[PDB]
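Below you will find one chain, with nothing else, as C-alpha cells; this is the form deposited in one PDB entry, and questions on how it binds or moves follow later.
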C-alpha cells in the first residue's frame, strides 16, 4: 500500500512544480526503499525522473509496492492546499482506482482530503542514465536559470559548449547573438556558489530553449544543479533533494530536435 507522510506539504508541491507544464502524465511507484516517478513529454525529448528515499518522509510504510498513473494537471490543481506548512500524507491501497492526498494542520482543526482519479499507464520505466558522461558540471541553479532566461530571448536553440576549463552557452537568432561564458572556481567564502567542471572530452550540444526553460524550475528544490553531457545520450540536469533527486534528461537537437 502507499503511505507516505511529508513533514511539509511544500516539498511535494515544489517537486510536482517540476513536472508541471512540461509533461501531462506521471507514473509513480512506491516501494520498500521509497518513491520513484517518471514522466515523458509527447515528443519524447524530455524525461522527468524522481526519487525520494524513505528518509525524506516523516513516516513511510510499504509492505507492498503500488504503481499509479495520473494526470499531472489534476495533481497540481490539488497541490495548492498544502499551506506549505501543512502536513501531507499520500495514501493508496494495493489495487487503487484513486490516490488520496491528506493535508492536516498540527491541531485537529482543519483536514483537507482529496481523492484523485488515477489513469492506467503501461508500466515501462526507462533507465537511460549513463555510466560516464563526456563532461560534468555543477553551478548555482539560480545562475543556470539566469543563463537560460538570458539566451532564451534570442533563439529557440541554446548551445552548450565545453572545453578545458570553459563552459559556454550560446544563442543566435533573428535579432542577433548572445553568449554567457563561465569559468570553474572554488569559493571558500561559501562553496555553494562555486562552479565545478570535470571534462573528459570537449562537448558541444544544442538544446531547444523551450525545454531548458521547463528544466530551470528545479532551482526551487536545490541550490545547485548538476549538468551531465554526452554526445552519445540525452543530457542529464539534476536537482538533489535530502534523500533523493529530481532529474531531467533532455535529448540534444539533431539539428532540429529539442
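We call the rigid core the largest set of C-alpha positions that still match within 1.5 Å between the two forms. Residue numbers count along the first chain shown, from 1.
Although it is not shown, the form deposited with a partner chain bound is what the next lines describe.
Residue 208 belongs to the set of residues with a heavy atom inside 4.5 Å of its partner chain in the deposited complex. Though the partner is left out of this view, residue 43 does reach within 4.5 Å of its partner chain in the deposited complex, counting heavy atoms only. Among heavy atoms of residue 237, none comes within 4.5 Å of its partner chain in the deposited complex. Interface membership of residue 26, defined by any non-hydrogen atom within 4.5 Å of its partner chain in the deposited complex, is ruled out. Among 203, 47, 66, 36, the residue placing a heavy atom within 4.5 Å of its partner chain in the deposited complex is 47.
Once the rigid core is overlaid between the shown form and the other one, residue 128 counts among the residues whose Cα shifts by 2 Å or more.
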